[PDB]
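These notes are about the structure you will find just below.
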Amino acid sequence: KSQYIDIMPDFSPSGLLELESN
Amino acid sequence: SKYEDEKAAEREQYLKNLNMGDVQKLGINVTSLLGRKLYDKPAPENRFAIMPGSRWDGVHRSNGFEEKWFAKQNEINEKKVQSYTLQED
Amino acid sequence: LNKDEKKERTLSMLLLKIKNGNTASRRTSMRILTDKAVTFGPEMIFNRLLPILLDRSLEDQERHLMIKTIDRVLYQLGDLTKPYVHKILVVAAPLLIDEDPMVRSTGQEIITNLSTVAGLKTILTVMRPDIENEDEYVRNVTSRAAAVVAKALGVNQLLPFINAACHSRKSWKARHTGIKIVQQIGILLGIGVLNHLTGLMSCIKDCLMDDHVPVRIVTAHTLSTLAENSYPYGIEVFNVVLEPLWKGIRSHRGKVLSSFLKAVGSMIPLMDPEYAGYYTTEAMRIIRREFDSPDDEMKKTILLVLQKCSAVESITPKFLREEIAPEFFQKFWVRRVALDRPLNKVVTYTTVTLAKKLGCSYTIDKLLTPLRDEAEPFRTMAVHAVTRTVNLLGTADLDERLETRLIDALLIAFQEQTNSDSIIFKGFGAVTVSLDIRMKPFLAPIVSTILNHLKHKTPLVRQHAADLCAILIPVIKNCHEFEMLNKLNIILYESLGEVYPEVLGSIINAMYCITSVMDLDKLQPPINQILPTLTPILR
Amino acid sequence: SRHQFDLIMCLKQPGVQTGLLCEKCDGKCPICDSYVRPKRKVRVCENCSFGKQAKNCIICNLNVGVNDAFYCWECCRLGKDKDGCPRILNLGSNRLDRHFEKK
Amino acid sequence: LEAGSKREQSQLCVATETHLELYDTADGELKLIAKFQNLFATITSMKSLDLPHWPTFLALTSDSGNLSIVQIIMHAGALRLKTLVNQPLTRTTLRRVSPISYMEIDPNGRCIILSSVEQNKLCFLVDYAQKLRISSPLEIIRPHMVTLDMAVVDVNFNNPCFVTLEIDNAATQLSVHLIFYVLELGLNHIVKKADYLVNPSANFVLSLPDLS
Amino acid sequence: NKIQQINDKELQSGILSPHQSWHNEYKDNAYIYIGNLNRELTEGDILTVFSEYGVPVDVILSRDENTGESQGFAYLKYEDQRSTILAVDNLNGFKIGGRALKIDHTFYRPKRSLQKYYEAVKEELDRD
Ligand SMILES: [Zn+2]
Ligand SMILES: [Zn+2]
Ligand SMILES: [Zn+2]
């Protein structure tokens, strides 16, 4: 009941994928 | 023991079925085939004509193989014609 | 000055001639250096020569010419100061890692000559600050360099150096490379490790227990190289290290368990028959548990332990057929194997070594399904295995049915082949030579295929067609069909006017094998007509 | 060898195993390189056998060996037979200069 | 001979350089069996090795520097002298470096051991199979030590051990020291164990089997 | 670079189409092991590069239970398998963040301990 799981996904952009193009 | 075996079998089946690709399973053939979101802009050409998922960034990412398969594809398809046409006597 | 500056000109002109110069020019300038090397200052010789080898513009050709000069000077002058020792190790040391073994050997002759020239005390003083280096590449290099020095001067004189680096608590990389030195020493000395192995073992054991994993792995590889290079004798020493390998195997899994199973696997054949049965049966469980490992390393180790354990008398061949073999063939013959060669060699050789314990008809029996597979490079590997297996075991085990299906698959996979390889010839020949009298009912179609393949438009298939005749001619005599000898000989003598030389030579070789075998008078062309058609061929 | 000076033989106590020659060096005495009248088999020391190096030819030590190597009759009469292990170690200047000359 | 199945250790073979003969016993009086063909060499040692699992064959070293293991056999109508393995050693002559003139065999037949005056000592590790098999030699080189009285100590399968009286070739005084060697089957090399100097008048050595 | 080595040999022989290709060994597999990832790439960003070759239905990134950061490997199932043949083959050996990632076919077995992480991921990929 505190947290579902301590881990969980993100679905957020890292600066690495955008950066390499620019 | 028999029950246990059955259970094991079931789990194996589950494992296998989860792993199988979706289009094959419904199959029977060969904007999404299973209604999944699809890309918009024109994608790079492909061996199987599959269309990138709605979520694609739009950068070429490739080792460069997929283009080299066409060069071999074109080659092999060409030398079937060249062999007869260049025949002489 | 102006008198000695002329010498400074002479060395520059010479070295120029050797590096870039005419053949007869450099050839004489080499003589001039070798005879005049004593009268030129080694300060000037090396001080001028060494800066050339550092730049990136030099080709391998121009580099080896300078290397040769270094060797010829070092072998002469006989005494050298330490700065030039360090420099020559900076230039020559990278050669031991080079892609081809020629450069390896020529860079090895340098260090083995300098080790005598520069003496024991100097080189060790040069290595001590180097092993502590933070760089990976330099440490990798001077591990090999240190081993070459070790073989050159003898290992005992350099041993307490290795003990110092290995046992050093100061620096970690010193322990790492200090352990690698034991690797390349084990490699260079070959079986000759032996007597020294106890002293070497002073390093490895404790140096195995470091908290850092990459040292624990390197020690595991050293135990494998020492274990294989030793062969059966070295057991009495490894008993001290035999215990922690098991508390390491049962726990650490991952990439380490691969290394420890390599170590223990290489320890097996030198164990007594009593222990061998135990340690094998212990290893086989982990082997079966690890079949599914995607890592190339772990598969490579599994093939090693299966590779060795078959020699153990304790395990019975029935035990192999009932259990280990079917789990082997289905997992490791997947067509993804046939694509990469280094693992192909290991799988094929492993199957071959299993063929001894297993029945020949059983091994070949499991090897017919890969032969009949559609994939070409996979059928090739399936051929290699049959070739070497038949070479060892002979055909005496084969029943008529397997004897039919094998030769059928060899005909099929024979006729679609692409790359030029003798593995079919030998192999399809190794079959024939073994079963030759039993070959007779199969001989009629085989020859027909050849008679078709000779008419094929591609030159390779014509080569491969003619080559297989020369192997069959002796077994065709044993099968007694002389009319087929004459029909062949006629068809070849007609094809003898081919344009392509590479095929034509093979054709003439088949002519040779036919002529030596068959009665001279019964040859159709005949010889008297044959030879005047040969005399223009000599040109 | 006889014709090439930079080569260095082994000369240790011959073991129980016979040396091997490649198809190219086939039928040659390791000492004087005489193609004629062979006499006895060569024998090599342990440190010349061990692993893969055992399979190489004992003259050129590059190509793989097949046939057993023989001492010619004369080298058995002179006694140069029993000197030691007649295995060449270094490859020599000629072969290397060929390799790098071609590429 | 003349018996369908009999095995008895009473029999002896005797050689002088070239000449060789076989004699029999157990009749109470020594009989001549066979006088073999002319050997044309100088036989410098002859010993019978008995190896476990079989007749006995004599291990015979001579001039030509060849260890020659020979089995006398019954062939055609009369006894013949048949060779099994001859391993090349040194050079062909009698000479001081040639590892002959001192030969002995482990009483269990595991290894033949040879030596020479001065210079080298060799040991061949004997094995038997479908064919007889000899391991590569094991060397010890003591450059100036000239050897005398090589007599070898028996062992229980523990390890082959042997004793020599070695006197130094270059010394300002006369010093003959006895020395023990233990061949270590584990690491496959011969080891110098104990070196004891004895008075210059030393003659010879024998081995005492057990004392237990 | 292990797998990339194969396809060049394979293609060179003109193997062409899956029956003769080693990719045929699988056919029932979809998930792909994605290795040698950089540490900061998360599920959404691994769900950037891999839709070039198909439509992902699932994804799993392997990450330590405690600190919750990338182990550096992921398991990504494409809707239509033949994307797998396409991704493994074409994108293997490609640089992201300095280190060249590895792909290979995999049989993937779910683990109890992540059970919620499946719906938490799925719900996002279930949006489409
Ligand atoms: Zn040698
Ligand atoms: Zn050769
Ligand atoms: Zn000769």
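The chains in the structure tokens are called A, B, ... from first to last as shown; in each chain the residues are counted from 1, and the ligands are counted from 1 in the order shown.
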
Using only C-alpha atoms, determine which residues lie at most 9 Å from region 15-21 of chain D, disregarding the query and same-chain residues fewer than 4 positions distant; provide the list as a PDB file with C-alpha atoms, in the first residue's frame.
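selection05.pdb written:
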```pdb
ATOM      1  CA  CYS D  25      59.754 -29.736 -47.721  1.00  0.00           C
ATOM      2  CA  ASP D  26      58.767 -33.400 -48.108  1.00  0.00           C
ATOM      3  CA  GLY D  27      61.619 -35.835 -48.637  1.00  0.00           C
ATOM      4  CA  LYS D  28      64.558 -33.771 -47.361  1.00  0.00           C
ATOM      5  CA  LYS D  41      63.516 -41.129 -38.785  1.00  0.00           C
ATOM      6  CA  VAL D  42      64.198 -37.846 -37.032  1.00  0.00           C
ATOM      7  CA  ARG D  43      63.355 -37.477 -33.347  1.00  0.00           C
ATOM      8  CA  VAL D  44      62.569 -34.241 -31.525  1.00  0.00           C
ATOM      9  CA  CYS D  45      62.862 -33.199 -27.893  1.00  0.00           C
ATOM     10  CA  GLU D  46      59.858 -32.579 -25.644  1.00  0.00           C
ATOM     11  CA  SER D  49      56.682 -31.142 -29.524  1.00  0.00           C
ATOM     12  CA  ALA D  54      54.469 -30.174 -33.197  1.00  0.00           C
ATOM     13  CA  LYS D  55      52.319 -30.326 -36.329  1.00  0.00           C
ATOM     14  CA  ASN D  56      54.387 -27.757 -38.225  1.00  0.00           C
ATOM     15  CA  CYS D  57      57.149 -28.798 -40.604  1.00  0.00           C
ATOM     16  CA  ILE D  58      60.517 -29.026 -38.866  1.00  0.00           C
ATOM     17  CA  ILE D  59      62.377 -27.084 -41.580  1.00  0.00           C
ATOM     18  CA  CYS D  60      60.154 -24.144 -42.528  1.00  0.00           C
ATOM     19  CA  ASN D  61      58.101 -24.339 -39.265  1.00  0.00           C
ATOM     20  CA  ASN D  63      53.193 -25.081 -43.066  1.00  0.00           C
ATOM     21  CA  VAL D  64      51.727 -28.172 -41.423  1.00  0.00           C
ATOM     22  CA  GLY D  65      53.765 -31.365 -41.574  1.00  0.00           C
ATOM     23  CA  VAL D  66      52.550 -34.707 -42.893  1.00  0.00           C
ATOM     24  CA  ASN D  67      55.321 -37.203 -43.675  1.00  0.00           C
ATOM     25  CA  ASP D  68      58.012 -38.272 -41.246  1.00  0.00           C
ATOM     26  CA  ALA D  69      61.379 -36.589 -41.766  1.00  0.00           C
ATOM     27  CA  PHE D  70      64.438 -38.697 -42.556  1.00  0.00           C
ATOM     28  CA  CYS D  85      66.905 -32.188 -32.106  1.00  0.00           C
ATOM     29  CA  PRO D  86      67.203 -30.835 -35.689  1.00  0.00           C
ATOM     30  CA  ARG D  87      64.290 -28.398 -35.504  1.00  0.00           C
TER      31      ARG D  87
ATOM     32  CA  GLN E  87      66.190 -45.012 -28.646  1.00  0.00           C
ATOM     33  CA  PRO E  88      69.060 -42.889 -30.002  1.00  0.00           C
ATOM     34  CA  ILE E 134      59.121 -45.388 -23.776  1.00  0.00           C
ATOM     35  CA  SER E 135      58.735 -41.872 -22.422  1.00  0.00           C
ATOM     36  CA  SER E 136      61.047 -39.058 -23.448  1.00  0.00           C
ATOM     37  CA  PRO E 137      64.277 -39.009 -21.414  1.00  0.00           C
TER      38      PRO E 137
END
```

Residues of chain B in alpha helix (DSSP H) according to DSSP, as a PDB file with N, CA and C atoms, in the first residue's frame?
```
ATOM      1  N   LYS B   2       1.283 -36.689 -11.956  1.00  0.00           N
ATOM      2  CA  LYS B   2       0.617 -36.395 -13.219  1.00  0.00           C
ATOM      3  C   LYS B   2       0.142 -34.949 -13.254  1.00  0.00           C
ATOM      4  N   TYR B   3      -0.466 -34.545 -12.138  1.00  0.00           N
ATOM      5  CA  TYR B   3      -0.987 -33.179 -11.979  1.00  0.00           C
ATOM      6  C   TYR B   3       0.149 -32.167 -12.151  1.00  0.00           C
ATOM      7  N   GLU B   4       1.263 -32.472 -11.492  1.00  0.00           N
ATOM      8  CA  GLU B   4       2.462 -31.634 -11.527  1.00  0.00           C
ATOM      9  C   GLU B   4       2.940 -31.461 -12.971  1.00  0.00           C
ATOM     10  N   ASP B   5       2.985 -32.588 -13.665  1.00  0.00           N
ATOM     11  CA  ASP B   5       3.415 -32.646 -15.067  1.00  0.00           C
ATOM     12  C   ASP B   5       2.535 -31.745 -15.923  1.00  0.00           C
ATOM     13  N   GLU B   6       1.234 -31.879 -15.696  1.00  0.00           N
ATOM     14  CA  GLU B   6       0.213 -31.103 -16.412  1.00  0.00           C
ATOM     15  C   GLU B   6       0.458 -29.611 -16.214  1.00  0.00           C
ATOM     16  N   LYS B   7       0.690 -29.262 -14.954  1.00  0.00           N
ATOM     17  CA  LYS B   7       0.947 -27.876 -14.541  1.00  0.00           C
ATOM     18  C   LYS B   7       2.154 -27.324 -15.296  1.00  0.00           C
ATOM     19  N   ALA B   8       3.201 -28.139 -15.314  1.00  0.00           N
ATOM     20  CA  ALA B   8       4.464 -27.802 -15.980  1.00  0.00           C
ATOM     21  C   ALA B   8       4.215 -27.511 -17.458  1.00  0.00           C
ATOM     22  N   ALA B   9       3.446 -28.404 -18.066  1.00  0.00           N
ATOM     23  CA  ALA B   9       3.085 -28.314 -19.484  1.00  0.00           C
ATOM     24  C   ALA B   9       2.375 -26.991 -19.762  1.00  0.00           C
ATOM     25  N   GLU B  10       1.424 -26.690 -18.885  1.00  0.00           N
ATOM     26  CA  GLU B  10       0.614 -25.474 -18.972  1.00  0.00           C
ATOM     27  C   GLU B  10       1.525 -24.245 -18.938  1.00  0.00           C
ATOM     28  N   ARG B  11       2.453 -24.278 -17.984  1.00  0.00           N
ATOM     29  CA  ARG B  11       3.377 -23.141 -17.819  1.00  0.00           C
ATOM     30  C   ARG B  11       4.232 -22.976 -19.054  1.00  0.00           C
ATOM     31  N   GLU B  12       4.691 -24.088 -19.608  1.00  0.00           N
ATOM     32  CA  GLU B  12       5.497 -24.091 -20.833  1.00  0.00           C
ATOM     33  C   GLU B  12       4.724 -23.419 -21.969  1.00  0.00           C
ATOM     34  N   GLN B  13       3.465 -23.827 -22.086  1.00  0.00           N
ATOM     35  CA  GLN B  13       2.559 -23.310 -23.112  1.00  0.00           C
ATOM     36  C   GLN B  13       2.428 -21.788 -22.986  1.00  0.00           C
ATOM     37  N   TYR B  14       2.224 -21.370 -21.743  1.00  0.00           N
ATOM     38  CA  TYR B  14       2.070 -19.955 -21.398  1.00  0.00           C
ATOM     39  C   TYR B  14       3.298 -19.174 -21.813  1.00  0.00           C
ATOM     40  N   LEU B  15       4.455 -19.739 -21.505  1.00  0.00           N
ATOM     41  CA  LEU B  15       5.762 -19.153 -21.810  1.00  0.00           C
ATOM     42  C   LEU B  15       5.874 -18.951 -23.316  1.00  0.00           C
ATOM     43  N   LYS B  16       5.516 -20.007 -24.050  1.00  0.00           N
ATOM     44  CA  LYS B  16       5.669 -20.033 -25.500  1.00  0.00           C
ATOM     45  C   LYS B  16       4.697 -19.034 -26.123  1.00  0.00           C
ATOM     46  N   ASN B  17       3.451 -19.077 -25.654  1.00  0.00           N
ATOM     47  CA  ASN B  17       2.406 -18.249 -26.231  1.00  0.00           C
ATOM     48  C   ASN B  17       2.681 -16.783 -26.012  1.00  0.00           C
ATOM     49  N   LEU B  18       3.192 -16.444 -24.833  1.00  0.00           N
ATOM     50  CA  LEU B  18       3.567 -15.059 -24.522  1.00  0.00           C
ATOM     51  C   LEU B  18       4.648 -14.588 -25.502  1.00  0.00           C
ATOM     52  N   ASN B  19       5.616 -15.448 -25.749  1.00  0.00           N
ATOM     53  CA  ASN B  19       6.742 -15.137 -26.603  1.00  0.00           C
ATOM     54  C   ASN B  19       6.345 -14.934 -28.050  1.00  0.00           C
ATOM     55  N   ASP B  22       2.486 -11.452 -32.281  1.00  0.00           N
ATOM     56  CA  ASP B  22       1.031 -11.293 -32.451  1.00  0.00           C
ATOM     57  C   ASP B  22       0.491 -11.494 -33.883  1.00  0.00           C
ATOM     58  N   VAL B  23       1.160 -10.942 -34.875  1.00  0.00           N
ATOM     59  CA  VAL B  23       0.607 -11.034 -36.220  1.00  0.00           C
ATOM     60  C   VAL B  23       0.607 -12.475 -36.714  1.00  0.00           C
ATOM     61  N   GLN B  24       1.644 -13.226 -36.368  1.00  0.00           N
ATOM     62  CA  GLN B  24       1.699 -14.641 -36.747  1.00  0.00           C
ATOM     63  C   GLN B  24       0.552 -15.401 -36.096  1.00  0.00           C
ATOM     64  N   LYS B  25       0.272 -15.089 -34.830  1.00  0.00           N
ATOM     65  CA  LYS B  25      -0.675 -15.903 -34.068  1.00  0.00           C
ATOM     66  C   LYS B  25      -2.091 -15.783 -34.653  1.00  0.00           C
ATOM     67  N   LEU B  26      -2.527 -14.558 -34.906  1.00  0.00           N
ATOM     68  CA  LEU B  26      -3.765 -14.366 -35.653  1.00  0.00           C
ATOM     69  C   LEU B  26      -3.502 -14.778 -37.111  1.00  0.00           C
ATOM     70  N   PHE B  65      23.416  -2.287 -42.912  1.00  0.00           N
ATOM     71  CA  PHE B  65      23.207  -3.597 -43.532  1.00  0.00           C
ATOM     72  C   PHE B  65      22.015  -3.601 -44.497  1.00  0.00           C
ATOM     73  N   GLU B  66      20.898  -3.089 -43.994  1.00  0.00           N
ATOM     74  CA  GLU B  66      19.614  -3.135 -44.685  1.00  0.00           C
ATOM     75  C   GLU B  66      19.706  -2.595 -46.101  1.00  0.00           C
ATOM     76  N   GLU B  67      20.561  -1.609 -46.323  1.00  0.00           N
ATOM     77  CA  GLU B  67      20.835  -1.082 -47.647  1.00  0.00           C
ATOM     78  C   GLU B  67      21.756  -2.021 -48.429  1.00  0.00           C
ATOM     79  N   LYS B  68      22.659  -2.715 -47.753  1.00  0.00           N
ATOM     80  CA  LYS B  68      23.546  -3.631 -48.440  1.00  0.00           C
ATOM     81  C   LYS B  68      22.862  -4.944 -48.873  1.00  0.00           C
ATOM     82  N   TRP B  69      21.756  -5.260 -48.231  1.00  0.00           N
ATOM     83  CA  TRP B  69      20.938  -6.392 -48.650  1.00  0.00           C
ATOM     84  C   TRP B  69      20.275  -6.088 -49.985  1.00  0.00           C
ATOM     85  N   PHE B  70      19.849  -4.847 -50.201  1.00  0.00           N
ATOM     86  CA  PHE B  70      19.252  -4.478 -51.476  1.00  0.00           C
ATOM     87  C   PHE B  70      20.280  -4.602 -52.584  1.00  0.00           C
ATOM     88  N   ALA B  71      21.498  -4.143 -52.331  1.00  0.00           N
ATOM     89  CA  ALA B  71      22.562  -4.246 -53.325  1.00  0.00           C
ATOM     90  C   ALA B  71      22.798  -5.708 -53.748  1.00  0.00           C
ATOM     91  N   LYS B  72      22.785  -6.633 -52.795  1.00  0.00           N
ATOM     92  CA  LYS B  72      22.815  -8.031 -53.109  1.00  0.00           C
ATOM     93  C   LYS B  72      21.516  -8.505 -53.723  1.00  0.00           C
ATOM     94  N   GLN B  73      20.401  -7.961 -53.270  1.00  0.00           N
ATOM     95  CA  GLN B  73      19.107  -8.352 -53.810  1.00  0.00           C
ATOM     96  C   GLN B  73      19.014  -7.969 -55.280  1.00  0.00           C
ATOM     97  N   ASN B  74      19.443  -6.747 -55.575  1.00  0.00           N
ATOM     98  CA  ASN B  74      19.446  -6.229 -56.949  1.00  0.00           C
ATOM     99  C   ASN B  74      20.429  -7.021 -57.786  1.00  0.00           C
ATOM    100  N   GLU B  75      21.600  -7.300 -57.230  1.00  0.00           N
ATOM    101  CA  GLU B  75      22.637  -8.045 -57.935  1.00  0.00           C
ATOM    102  C   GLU B  75      22.142  -9.388 -58.430  1.00  0.00           C
ATOM    103  N   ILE B  76      21.770 -10.251 -57.482  1.00  0.00           N
ATOM    104  CA  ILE B  76      21.280 -11.594 -57.757  1.00  0.00           C
ATOM    105  C   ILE B  76      20.119 -11.554 -58.767  1.00  0.00           C
ATOM    106  N   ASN B  77      19.248 -10.572 -58.594  1.00  0.00           N
ATOM    107  CA  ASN B  77      18.131 -10.410 -59.517  1.00  0.00           C
ATOM    108  C   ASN B  77      18.570  -9.911 -60.891  1.00  0.00           C
ATOM    109  N   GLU B  78      19.703  -9.219 -60.963  1.00  0.00           N
ATOM    110  CA  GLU B  78      20.218  -8.730 -62.216  1.00  0.00           C
ATOM    111  C   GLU B  78      20.953  -9.801 -63.017  1.00  0.00           C
ATOM    112  N   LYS B  79      21.790 -10.595 -62.358  1.00  0.00           N
ATOM    113  CA  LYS B  79      22.604 -11.594 -63.059  1.00  0.00           C
ATOM    114  C   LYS B  79      21.809 -12.781 -63.575  1.00  0.00           C
ATOM    115  N   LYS B  80      20.546 -12.878 -63.174  1.00  0.00           N
ATOM    116  CA  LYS B  80      19.637 -13.816 -63.839  1.00  0.00           C
ATOM    117  C   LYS B  80      19.275 -13.318 -65.231  1.00  0.00           C
ATOM    118  N   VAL B  81      19.169 -12.007 -65.376  1.00  0.00           N
ATOM    119  CA  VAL B  81      18.918 -11.417 -66.675  1.00  0.00           C
ATOM    120  C   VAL B  81      20.219 -11.292 -67.461  1.00  0.00           C
ATOM    121  N   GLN B  82      21.292 -10.800 -66.844  1.00  0.00           N
ATOM    122  CA  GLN B  82      22.566 -10.646 -67.560  1.00  0.00           C
ATOM    123  C   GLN B  82      23.075 -11.973 -68.124  1.00  0.00           C
ATOM    124  N   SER B  83      22.801 -13.089 -67.456  1.00  0.00           N
ATOM    125  CA  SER B  83      23.396 -14.364 -67.883  1.00  0.00           C
ATOM    126  C   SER B  83      22.930 -14.784 -69.283  1.00  0.00           C
ATOM    127  N   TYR B  84      21.654 -14.572 -69.564  1.00  0.00           N
ATOM    128  CA  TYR B  84      21.099 -14.950 -70.863  1.00  0.00           C
ATOM    129  C   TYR B  84      21.408 -13.904 -71.931  1.00  0.00           C
ATOM    130  N   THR B  85      21.392 -12.644 -71.543  1.00  0.00           N
ATOM    131  CA  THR B  85      21.452 -11.554 -72.490  1.00  0.00           C
ATOM    132  C   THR B  85      22.870 -11.313 -72.981  1.00  0.00           C
TER     133      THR B  85
END
```

* **Expected selection as a PyMOL selection string for ligand 3 within 10 Å, only C-alpha atoms and all ligand atoms** => chain D and resi 2+28-39+70-81

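Those residues that approach residue 304 (chain C) to within 7 Å, counting only C-alpha atoms, are residues 262, 265, 300 and 308 of chain C; same-chain residues fewer than 4 positions away are not listed.
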
* Kindly determine which residues of chain E lie within 12 Å of chain D, considering only C-alpha atoms, and give the answer as an NGL selection string. => :E and (64-67 or 85-93 or 98-99 or 120-126 or 133-141)

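Nearest to ligand 1 of all the residues C:217, C:264, C:468, C:191 is C:191, counting only C-alpha atoms and all ligand atoms.
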
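Excluding residue 45 (chain E) itself and any same-chain residue fewer than 6 positions from it, the protein and nucleic acid residues within 10 Å of it, counting only C-alpha atoms, are residues 15, 16, 17, 59, 60, 61, 62, 63, 67, 100, 101, 102, 103, 104 and 114 of chain E.
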
Dump as a PDB file, in the first residue's frame, selection limited to N, CA, C and O atoms:
```pdb
ATOM      1  N   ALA E  15      76.124 -61.988 -21.527  1.00  0.00           N
ATOM      2  CA  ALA E  15      76.689 -61.335 -22.698  1.00  0.00           C
ATOM      3  C   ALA E  15      78.103 -60.852 -22.417  1.00  0.00           C
ATOM      4  O   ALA E  15      78.430 -60.432 -21.304  1.00  0.00           O
ATOM      5  N   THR E  16      78.941 -60.916 -23.454  1.00  0.00           N
ATOM      6  CA  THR E  16      80.275 -60.327 -23.413  1.00  0.00           C
ATOM      7  C   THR E  16      80.397 -59.426 -24.624  1.00  0.00           C
ATOM      8  O   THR E  16      80.673 -59.934 -25.711  1.00  0.00           O
ATOM      9  N   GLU E  17      80.313 -58.109 -24.437  1.00  0.00           N
ATOM     10  CA  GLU E  17      80.532 -57.226 -25.575  1.00  0.00           C
ATOM     11  C   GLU E  17      79.727 -57.715 -26.776  1.00  0.00           C
ATOM     12  O   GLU E  17      78.496 -57.683 -26.766  1.00  0.00           O
ATOM     13  N   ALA E  59      66.799 -55.309 -21.181  1.00  0.00           N
ATOM     14  CA  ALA E  59      67.122 -53.938 -21.540  1.00  0.00           C
ATOM     15  C   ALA E  59      68.627 -53.840 -21.716  1.00  0.00           C
ATOM     16  O   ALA E  59      69.386 -54.112 -20.780  1.00  0.00           O
ATOM     17  N   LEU E  60      69.051 -53.454 -22.913  1.00  0.00           N
ATOM     18  CA  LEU E  60      70.418 -53.671 -23.363  1.00  0.00           C
ATOM     19  C   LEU E  60      70.954 -52.379 -23.953  1.00  0.00           C
ATOM     20  O   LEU E  60      70.488 -51.949 -25.009  1.00  0.00           O
ATOM     21  N   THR E  61      71.949 -51.777 -23.309  1.00  0.00           N
ATOM     22  CA  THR E  61      72.593 -50.601 -23.872  1.00  0.00           C
ATOM     23  C   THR E  61      74.014 -50.956 -24.279  1.00  0.00           C
ATOM     24  O   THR E  61      74.656 -51.837 -23.695  1.00  0.00           O
ATOM     25  N   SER E  62      74.498 -50.266 -25.300  1.00  0.00           N
ATOM     26  CA  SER E  62      75.711 -50.697 -25.956  1.00  0.00           C
ATOM     27  C   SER E  62      76.354 -49.501 -26.634  1.00  0.00           C
ATOM     28  O   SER E  62      75.938 -48.354 -26.450  1.00  0.00           O
ATOM     29  N   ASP E  63      77.369 -49.787 -27.436  1.00  0.00           N
ATOM     30  CA  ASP E  63      77.861 -48.829 -28.400  1.00  0.00           C
ATOM     31  C   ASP E  63      76.788 -48.598 -29.462  1.00  0.00           C
ATOM     32  O   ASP E  63      75.820 -49.356 -29.568  1.00  0.00           O
ATOM     33  N   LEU E  67      69.687 -47.170 -26.703  1.00  0.00           N
ATOM     34  CA  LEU E  67      69.039 -48.044 -25.739  1.00  0.00           C
ATOM     35  C   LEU E  67      68.240 -49.058 -26.542  1.00  0.00           C
ATOM     36  O   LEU E  67      67.339 -48.686 -27.298  1.00  0.00           O
ATOM     37  N   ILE E 100      76.131 -44.401 -21.296  1.00  0.00           N
ATOM     38  CA  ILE E 100      76.178 -45.849 -21.176  1.00  0.00           C
ATOM     39  C   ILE E 100      77.219 -46.194 -20.116  1.00  0.00           C
ATOM     40  O   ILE E 100      77.756 -45.315 -19.440  1.00  0.00           O
ATOM     41  N   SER E 101      77.490 -47.492 -19.967  1.00  0.00           N
ATOM     42  CA  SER E 101      78.480 -48.047 -19.043  1.00  0.00           C
ATOM     43  C   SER E 101      77.992 -48.050 -17.602  1.00  0.00           C
ATOM     44  O   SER E 101      78.553 -48.759 -16.762  1.00  0.00           O
ATOM     45  N   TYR E 102      76.945 -47.285 -17.309  1.00  0.00           N
ATOM     46  CA  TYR E 102      76.232 -47.387 -16.044  1.00  0.00           C
ATOM     47  C   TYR E 102      74.748 -47.428 -16.353  1.00  0.00           C
ATOM     48  O   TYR E 102      74.186 -46.453 -16.868  1.00  0.00           O
ATOM     49  N   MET E 103      74.122 -48.556 -16.038  1.00  0.00           N
ATOM     50  CA  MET E 103      72.725 -48.793 -16.357  1.00  0.00           C
ATOM     51  C   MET E 103      72.109 -49.576 -15.215  1.00  0.00           C
ATOM     52  O   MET E 103      72.728 -50.510 -14.701  1.00  0.00           O
ATOM     53  N   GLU E 104      70.901 -49.198 -14.821  1.00  0.00           N
ATOM     54  CA  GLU E 104      70.169 -49.982 -13.844  1.00  0.00           C
ATOM     55  C   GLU E 104      68.689 -49.700 -14.034  1.00  0.00           C
ATOM     56  O   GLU E 104      68.311 -48.743 -14.711  1.00  0.00           O
ATOM     57  N   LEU E 114      70.021 -44.648 -17.113  1.00  0.00           N
ATOM     58  CA  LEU E 114      71.327 -44.690 -17.743  1.00  0.00           C
ATOM     59  C   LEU E 114      72.164 -43.516 -17.263  1.00  0.00           C
ATOM     60  O   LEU E 114      71.637 -42.502 -16.793  1.00  0.00           O
TER      61      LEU E 114
END
```

* To do: Taking the DSSP assignment computed from this structure's backbone, write out as number ranges by chain all residues of chain F that belong to strand (DSSP E or B).
  => F: 32-35, 56-63, 70-78, 95-96, 99-100, 102-105

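Residues in contact range of residue 281 (chain C), defined as at most 12 Å between only C-alpha atoms, with sequence neighbours fewer than 4 positions away removed, read residues 265, 268, 274, 275, 276, 277, 285, 286, 287, 288, 305, 306, 309, 310, 312, 314, 315, 316, 319 and 324 of chain C.
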